[PDB]
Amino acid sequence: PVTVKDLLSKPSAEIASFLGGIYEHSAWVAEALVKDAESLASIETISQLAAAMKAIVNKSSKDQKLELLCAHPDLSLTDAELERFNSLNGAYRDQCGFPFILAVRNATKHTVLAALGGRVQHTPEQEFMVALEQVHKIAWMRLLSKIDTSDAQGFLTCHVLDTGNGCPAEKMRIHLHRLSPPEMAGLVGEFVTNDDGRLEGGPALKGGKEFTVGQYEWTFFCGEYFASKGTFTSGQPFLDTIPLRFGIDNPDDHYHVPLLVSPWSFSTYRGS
């Protein structure tokens, strides 16, 4: 893997060859990028590099977009699952004019069948938009594999609000595990909230060496918290420990992933 800064110090031909496979069988995207020295000089993050290449694709003609879709490679099933795949996969290409495209890196066989089963029912117009979204996702994940992002500045924060009592939840224990990829899976940290309901010690994860792409899981110990306030709960509490499973897709970004909670309800969302 190479850093963004080192990659962009290379000669134009070398950069075009390095990035040539980001959009597979569409090396012309990378060629177009290096042709614009003005924009090449403004790129500093992997997010800006992806956005530049995405912009080239999105501003191209309909024919060139269609050619890009068709250039994309065609995608442990049981005998009947494989037969059904086959039929739907064929029906899709025939009616859309371009292949069924799906970002499968973090998917399973159930994901694929469900995607094909649903999207074969859509108009070619909706699917053209969906297919383009998929190729940009695939390109993003290929870019991440080739670029060293250890220097990224993204970070993960958390907030807990007690919606039963109307206050930040203070002194609540919070654990964080990394679930995937298998290389660095395991405990990331054990934290506690301050009087503002934020993690004591600041962000749970920060920077490209620990705020990395993958799947994570909070454990909020809400049962302990409510007991400390004497809040009424069932003897077998409706909510005790709350797992919150989420993915991080971009090492440049600030993810704020909070919890709103009462003894009888909770909610969370992708914040910033």
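Numbers follow the displayed sequence, beginning with 1.
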Going by the record, give me the number of deposited-sequence residues missing between residue 179 and residue 180 as none, 1 to 3, 4 to 9, or 10 or more.
none
Higher-B stretch (mean Cα B-factor, as the entry records it), 257-265 or 8-16:
8-16
If you average the CA temperature factors over each stretch, which comes out higher, 117-125 or 82-90?
82-90
Between 187, 199, 75, 139, where does the Cα B-factor run highest in the record?
75
Select one of 26, 228, 48, 39: the residue whose C-alpha shows the highest B-factor in the crystal structure entry.
39
Residue 245: which third of its chain by C-alpha temperature factor?
lowest
Residue 191 by Cα B-factor - lowest, middle or highest third of the modelled chain:
lowest
Could you say whether, by C-alpha temperature factor, residue 175 belongs to the lowest, middle or highest third of its chain?
lowest
Ranking every modelled residue in this chain by its Cα temperature factor as given in the entry, which third contains residue 153?
middle
Test of reading the entry: by CA B factor among the chain's modelled residues, which third contains residue 236?
middle
